[PDB]
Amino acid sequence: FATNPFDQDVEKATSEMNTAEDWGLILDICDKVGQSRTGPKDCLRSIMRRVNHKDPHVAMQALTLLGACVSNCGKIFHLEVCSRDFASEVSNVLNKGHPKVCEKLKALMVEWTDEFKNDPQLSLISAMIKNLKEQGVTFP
């Protein structure tokens, strides 16, 4: 019965009508995440639904929103991204996704492992990279 409070803003920020992702709507999303206990998880789940959209223009906009949340929301968001739920969502996107979408998601992962390298609680992204490399996936 419950609706995700991020769904509406995430849709406008990543609309197919947009020439590019709306940054004003991105920063408002980042600020909103930090206002509630469930903000990080609610937002990440909403983002991943848009990353899974049929139109790659929508999926590309969603990945820049994902990157902005990891950049601006701090450890609380990094912990959400460091989950089995995200790892499942990553392999589901890489197996069905457009090459342009796969390129961007894998690029973000390489950036995150470098950013998370000094935190042992944030090792999951590096573990996902190693696991995907065993399956023959390349990470430039």
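Counting begins at 1, following the sequence as shown.
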Which is higher on mean Cα B factor in this entry, 75 to 83 or 96 to 104?
96 to 104
Note to self: of 33, 51, 70, 109, the C-alpha temperature factor tops out at 51
Compare the C-alpha B factor of residue 115 with those of the other modelled residues in its chain, then answer lowest, middle or highest third.
middle
If you rank the chain by CA B-factor, which third does residue 55 end up in: lowest, middle or highest?
highest
Chain-relative CA temperature factor third for residue 25:
middle
Ranked C-alpha temperature factor of residue 132 among modelled chain residues, by third
highest
Split the chain's modelled residues into thirds by Cα B-factor; residue 10 lands in the middle
